[PDB]
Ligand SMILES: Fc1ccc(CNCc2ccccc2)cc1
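The form deposited without the named molecule is given below as one chain in structure tokens.
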């Protein structure tokens, strides 16, 4: 049985509105309804992994697991294994996988983050799951962010608290948050960003939706606009939205948007919005292709419609040579030339680099770089030719070219990371000086850049 080099992953997000689901929810798992939908010819083909995020979920874990497993059995005739389930209040994540993957999956982690302080702590936040699939790390975040059209800044704060404090993936990657820990990171949920148009335009917006004319509405979508201004979800991708707003519907139909202010809404308008979203971030030059992104039309127990997204995701095998794991392979090396970091920091301290990768027996600390002033005020940290030679555990190019090097730039004075980034070893050539580049972030905010040249030696 050959190990896969691709899997397909189903991501679902549904705010259930504290109501039980209807008897049939198979359209969700089949990616049928509005938007970018799955071909009918694929209906019996199981995805490898199903990741289900709910919000306002009134069910016990047992009740929901029984509905999900029975649903997938009806669609695929496969009895899925439970990889993980984690619930914070009414926010839940379930990961299900095909039985053949049971032994390919390891290092399962779960965590949650509660957002807000006093007033604002009690029902919003995130749950997450990570695991290894053979040689590939996968992270999944289901978040329910602050509601309300006039709280986009709060949502962006909730996002930064979640990506700082959610403890998933390899703890040895201590300088790195979840936005660097995984080959593929999927972040979904009721993110609660709204279409930011005047209240008086409610009926105009509904008109536009009925005509399937989403362009003038998406130009005011707060997640698209906040992302464009680098206020949230920096370096994440989202597929084009081609489905109607998934909030706020009258229950038991999809023919009516319930937008008017009510005591029950805190006298807030809920203009039709794309509250329910799926985003991802994969390491550079890994295969990831969105194959569906849409909403169901036939599940109407909630004031939200379920959203689905599916992905092809590249995966690698658990590589064993005669040498590594358990030693280095002297036929392999990674060299760095003409390297410098450019930092936005106003501080003057010395910096060094840390290199972290599962291709190394452990992380590597560089010597201190030499600080200079950039021509436009920047701090430039010059490493020149001074960075160490990295010694990978396996020199075989079929392994090494699929690997990545995480970089942290740290203060000598405090050992705190000022910036994190990632370099792919999927090079155009080996034994050849080639340009490398990564933006650097800290707490998911841009803090600088790292650039230079790499020289990769493999056994070929």
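Numbering follows the first chain given and starts at 1.
Just so you know, the form solved in complex with the named molecule exists too; it's not on screen, but the next bit is about it.
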Closest heavy atom of residue 108 to the named molecule in the deposited complex, within 4.5 Å or not? yes
Any chance residue 102 has a heavy atom within 4.5 Å of the named molecule in the deposited complex? yes
Can you tell me whether residue 251 touches the named molecule? I mean in the deposited complex, with a 4.5 angstroms heavy atom cut-off. no
I'd like to know whether residue 82 contacts the named molecule in the deposited complex, with contact meaning heavy atoms within 4.5 angstroms. yes
What stretch, of 307-315, 252-260, 203-211, 82-90, brings heavy atoms to within 4.5 Å of the named molecule in the deposited complex? 82-90
